[PDB]
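Report on the following structure.
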Amino acid sequence: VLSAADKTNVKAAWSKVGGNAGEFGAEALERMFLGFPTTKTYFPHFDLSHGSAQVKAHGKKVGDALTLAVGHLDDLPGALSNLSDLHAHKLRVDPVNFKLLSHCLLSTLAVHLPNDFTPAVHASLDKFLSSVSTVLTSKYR
Amino acid sequence: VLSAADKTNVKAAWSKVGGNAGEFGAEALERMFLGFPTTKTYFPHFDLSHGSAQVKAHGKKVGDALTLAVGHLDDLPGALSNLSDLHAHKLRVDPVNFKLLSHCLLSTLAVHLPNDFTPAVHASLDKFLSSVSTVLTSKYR
Amino acid sequence: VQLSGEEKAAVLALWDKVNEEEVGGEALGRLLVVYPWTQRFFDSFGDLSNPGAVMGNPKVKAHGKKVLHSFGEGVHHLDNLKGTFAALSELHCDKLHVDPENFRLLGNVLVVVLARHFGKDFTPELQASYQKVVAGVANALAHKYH
Amino acid sequence: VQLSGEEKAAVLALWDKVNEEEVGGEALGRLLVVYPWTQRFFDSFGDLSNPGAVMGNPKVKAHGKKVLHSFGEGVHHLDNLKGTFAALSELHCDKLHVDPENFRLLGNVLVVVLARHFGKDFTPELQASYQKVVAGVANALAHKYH
Ligand code: HEM
Ligand code: HEM
Ligand code: HEM
Ligand code: HEM
Numbered sequence: 100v101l102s103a104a105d106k107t108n109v110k111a112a113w114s115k116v117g118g119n120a121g122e123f124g125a126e127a128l129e130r131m132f133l134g135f136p137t138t139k140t141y142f143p144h145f146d147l148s149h150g151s152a153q154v155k156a157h158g159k160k161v162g163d164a165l166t167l168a169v170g171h172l173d174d175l176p177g178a179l180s181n182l183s184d185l186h187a188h189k190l191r192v193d194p195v196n197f198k199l200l201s202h203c204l205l206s207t208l209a210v211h212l213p214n215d216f217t218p219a220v221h222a223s224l225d226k227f228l229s230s231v232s233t234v235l236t237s238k239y240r
Numbered sequence: 100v101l102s103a104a105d106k107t108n109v110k111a112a113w114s115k116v117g118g119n120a121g122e123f124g125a126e127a128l129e130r131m132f133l134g135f136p137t138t139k140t141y142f143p144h145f146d147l148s149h150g151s152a153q154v155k156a157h158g159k160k161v162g163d164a165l166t167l168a169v170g171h172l173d174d175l176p177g178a179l180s181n182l183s184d185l186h187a188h189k190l191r192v193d194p195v196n197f198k199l200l201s202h203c204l205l206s207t208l209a210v211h212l213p214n215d216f217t218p219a220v221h222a223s224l225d226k227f228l229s230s231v232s233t234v235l236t237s238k239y240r
Numbered sequence: 088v089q090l091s092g093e094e095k096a097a098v099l100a101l102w103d104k105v106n107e108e109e110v111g112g113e114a115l116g117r118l119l120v121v122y123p124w125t126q127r128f129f130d131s132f133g134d135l136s137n138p139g140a141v142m143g144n145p146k147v148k149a150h151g152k153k154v155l156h157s158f159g160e161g162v163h164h165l166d167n168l169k170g171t172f173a174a175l176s177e178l179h180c181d182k183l184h185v186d187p188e189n190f191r192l193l194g195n196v197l198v199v200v201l202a203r204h205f206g207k208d209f210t211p212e213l214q215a216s217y218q219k220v221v222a223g224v225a226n227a228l229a230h231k232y233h
Numbered sequence: 088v089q090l091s092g093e094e095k096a097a098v099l100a101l102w103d104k105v106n107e108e109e110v111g112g113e114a115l116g117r118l119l120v121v122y123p124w125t126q127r128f129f130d131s132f133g134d135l136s137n138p139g140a141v142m143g144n145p146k147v148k149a150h151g152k153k154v155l156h157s158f159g160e161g162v163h164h165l166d167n168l169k170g171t172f173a174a175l176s177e178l179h180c181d182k183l184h185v186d187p188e189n190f191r192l193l194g195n196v197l198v199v200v201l202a203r204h205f206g207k208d209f210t211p212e213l214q215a216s217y218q219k220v221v222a223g224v225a226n227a228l229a230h231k232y233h
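Chains as they are written, first to last, in the numbering used here: chain A, 100 to 240; chain B, 100 to 240; chain C, 88 to 233; chain D, 88 to 233.
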């Protein structure tokens, strides 16, 4: 899927996310639960309130994985093996929910990186996050 | 995406398609144009009538590619390079139309291979054809 | 929806030959087999771990009738697709929280089942018809979503 | 649709600060950039080959107004989403043959634009609201499809 300007562009942009990935991450979580609440279904054990420290907890996890992936663009199926299992196998996440995370994450990025969120950069991040997601449901495919 | 029982299962089933892939192929084309005519949009130069010899022409092409792919399961991005270009780059095929080919192709198979179209075999063919399609739109991703 | 009035007679005359219990069960068996994320919503049916376990499962069959059986009504009811499912479009949103792209998923595997069962009687044209119908239904089932 | 009546006031009061011409253009520029298959339907605008060519393009801008501008109406018109687009749901089915999953695509990039432009004023809750709205519209635009 990923062309080398995609690899380039992704790395570059992730470089600008910086160590905000954690928070960008648990903010992309907030937005999803508000704007697509179908999704909370999957976090019954969680306090979903309006700055839950689990969600906190969680988005650092998610921002962390994302960051790992960036690392392993060339070998994503490997990098996310353990985690393709967790979402595909154990939890059985309807894949359509990746598409909404994805977006809530593009949306977070744009709020905060508005200068940087160029179209170019917008579309790479889209493939990236789409490639990421296929890996995260390949354990269905 | 593809697990080795998927690779196994795909090969196996394709073995049963035999040299019918051509026709299964231009039958999966007929069904699509009737049941999703949004799609004819892409074959304006074609006679779409009720046994067009272009469509004929065409499904042998498509059954042929499919058959090639089966060949190269381990290296699909390579195998379909030339053809990822043609659909992504030149024609700019809305990917949602792959999902409908896909199905019209599962549907053809079941009509004709009803014994063989076991659930097991049904789901592999689905990944396969889904993997195929990603490759055929990766030149967007 | 609409369709057409030959489209209408051919649909019905098929449905006539449709065994709701065989066909409902296999429709649902594949759904969970082919799109295993669907299994979340049916964990209560216990063991779905492999395809044989699934197809065999008896609740699975039951319940596939039920659904085939509602589908049934919509085929008979094409003028009033929303009016019909509203209490189940209700069901399916509020209580179960099922993405609609699933009802469409299902609508297709149904069709592929009907295909397997009717062989060459399942025509191109006749497929189309059902693709509408199934569409039609998949839709009525997302409307009184809000 | 409906939403809610705080949901309603906050939506409107935003729209108020929305520049339809900047925002329409960038909404559409990304659409074709991010989902390049969309370019089929706009080949008439000539050269779209790279992102700069695209954003610059003047017809692109024009036309993004137009759309932002219809979206505009739906925001103002939330009771009667179908009634409004029917002549354009018409447009978009018959003559142009655009898959509806595109109107939804667009609805999102719109949103992401609005996001970029309003920074932290774009809230979670406020996002939601628009996700409905945009949804609402994307829908009205597939109904009088048949
Ligand atoms: C966008 C890509 C995603 C990534 C990188 C991702 C990553 C993660 C990670 C890193 C964990 C670590 C859990 C741990 O060891 O505590 C996890 C767990 C989990 N994920 Fe995601 N996930 C993604 C998308 C999703 C989606 C789309 C959903 C569902 C809609 C989801 C739902 C869950 C659930 C329900 C768990 C169990 C977590 C717990 O109970 O602590 N994730 N995921
Ligand atoms: C299911 C996977 C598909 C495969 C393997 C496939 C394969 C092909 C092949 C093998 C060709 C060869 C053309 C030649 O050299 O004459 C081709 C061309 C073409 N394909 Fe497909 N295709 C696929 C899906 C689609 C889809 C989804 C569409 C559009 C909805 C499509 C539309 C076209 C068009 C419009 C051409 C130009 C053909 C001509 O004018 O002769 N194909 N494709
Ligand atoms: C074509 C789309 C679908 C239709 C027309 C449909 C139809 C129905 C009907 C008619 C009922 C009986 C409701 C009642 O009167 O209590 C029902 C209940 C239920 N549905 Fe479906 N369904 C669809 C798809 C799905 C999907 C995709 C799932 C989950 C993956 C699901 C999960 C359930 C379950 C588990 C029940 C049993 C609930 C009970 O015993 O109260 N349905 N559905
Ligand atoms: C949110 C979904 C969309 C809405 C609400 C929308 C809205 C509109 C409106 C209000 C018009 C003017 C129609 C007239 O009065 O003649 C129009 C025309 C047209 N639309 Fe869109 N549109 C949407 C998505 C798209 C997409 C996704 C495409 C293709 C990828 C497209 C292609 C066209 C083109 C090229 C015109 C210019 C036609 C002319 O000058 O007659 N639209 N659209």
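Just so it is clear, CB atoms sit at the ideal spot from N, CA and C, and this is done for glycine as well.
Excluding sequence positions up to five away, which residues of its chain have a Cβ less than 6 Å from the Cβ of residue i?
i	result
A:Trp-113	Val-169
A:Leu-204	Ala-127
D:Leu-201	none
B:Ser-223	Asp-105, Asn-108 and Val-109
C:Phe-129	none
A:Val-192	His-186
A:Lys-159	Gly-121
B:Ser-201	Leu-228
Quick one, which of the options has its alpha-carbon nearest residue i's?
i	options	result
C:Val-121	C:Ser-136, C:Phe-132, C:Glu-108 and C:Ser-131	C:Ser-136
C:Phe-172	C:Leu-193, C:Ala-227, C:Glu-212 and C:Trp-124	C:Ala-227
C:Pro-211	B:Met-131, B:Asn-119 and B:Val-100	B:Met-131
C:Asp-181	C:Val-220, C:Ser-216, C:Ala-140 and C:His-230	C:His-230
B:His-144	B:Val-210, B:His-157 and B:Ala-222	B:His-157
B:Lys-238	B:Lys-106, B:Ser-180, B:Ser-230 and B:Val-100	B:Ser-180
A:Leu-199	D:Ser-91, D:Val-98, D:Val-198 and D:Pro-187	D:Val-198
C:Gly-92	C:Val-221, C:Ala-225 and C:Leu-213	C:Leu-213
D:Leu-183	B:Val-109, B:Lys-106, B:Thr-138 and B:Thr-236	B:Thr-138
A:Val-210	D:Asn-195, D:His-204, D:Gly-194 and D:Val-196	D:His-204
D:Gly-112	D:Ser-176, D:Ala-149, D:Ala-174 and D:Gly-161	D:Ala-149
B:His-186	B:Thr-217, B:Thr-166, B:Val-161 and B:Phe-135	B:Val-161
A:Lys-189	A:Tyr-141, A:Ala-178 and A:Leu-147	A:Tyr-141
B:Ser-151	B:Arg-191, B:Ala-120 and B:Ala-125	B:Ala-125
B:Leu-235	B:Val-154, B:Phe-216, B:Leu-182 and B:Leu-165	B:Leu-182
Starting from the C-beta of residue i, find all residues in its chain whose C-beta is less than 8 Å away, skip the five residues before and the five after it, and write them out in chain order.
i	result
C:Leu-192	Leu-118, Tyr-122 and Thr-125
D:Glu-107	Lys-152, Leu-155, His-156 and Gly-159
B:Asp-184	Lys-238
C:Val-141	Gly-116, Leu-119, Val-120, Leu-135 and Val-147
In terms of residues, what are the limits of the alpha helix (DSSP H) holding residue i?
i	result
D:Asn-189	187 to 205
A:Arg-240	Counting along the chain, A:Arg-240 falls outside any alpha helix (DSSP H), and DSSP gives it neither H nor E.
B:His-221	218 to 234
A:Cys-203	195 to 211
C:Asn-167	That residue, C:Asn-167, is in no alpha helix (DSSP H); it is neither H nor E in DSSP.
B:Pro-136	That residue, B:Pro-136, is in no alpha helix (DSSP H); it is neither H nor E in DSSP.
B:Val-192	Segment: none, B:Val-192 is in no alpha helix (DSSP H) and carries neither H nor E.
C:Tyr-217	211 to 230
A:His-157	152 to 170
B:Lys-110	103 to 116
C:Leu-118	107 to 121
B:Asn-181	180 to 184
C:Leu-99	92 to 103
Using C-beta distances below 7 Å, list every residue in its chain close to residue i, excluding the 5 sequence neighbours before and after it, in chain order.
i	result
C:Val-88	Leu-165, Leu-168, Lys-219 and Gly-223
residue 68 of chain C	Limits of chain C in this structure are 88 at one end and 233 at the other, which puts residue 68 of chain C out of reach.
C:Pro-138	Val-120
C:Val-185	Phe-128 and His-179
B:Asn-196	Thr-138
Cβ-heavy atom distance between residue i and ligand 5 below 7 Å?
i	result
C:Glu-188	Judged by which ligands are present, ligand 5 is missing from the structure shown, whose ligands are ligand 1, ligand 2, ligand 3 and ligand 4.
Report the residues of the segment 129 to 141 of chain B with a CB closer than 8 Å to any CB of chain D, ordered along the chain. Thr-137 and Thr-140
Against chain B: residues of the segment 209 to 220 of chain C by CB proximity under 7 Å: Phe-209, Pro-211, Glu-212, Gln-214, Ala-215 and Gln-218
Can you pull out the residues from the segment 214 to 229 of chain A whose beta carbon lies closer than 7 Å to at least one beta carbon of chain B? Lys-226 and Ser-229
Any residues in the segment 115 to 138 of chain C with a beta carbon nearer than 7 Å to a beta carbon of chain B? Which ones, in chain order? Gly-116, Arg-117, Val-120, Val-121 and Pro-138
The segment 178 to 207 of chain A: which residues have C-beta closer than 7 Å to a C-beta of chain C, in chain order? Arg-191, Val-192, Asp-193, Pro-194 and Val-195
In chain order, what residues of the segment 183 to 195 of chain C put their CB closer than 7 Å to some CB of chain B? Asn-195
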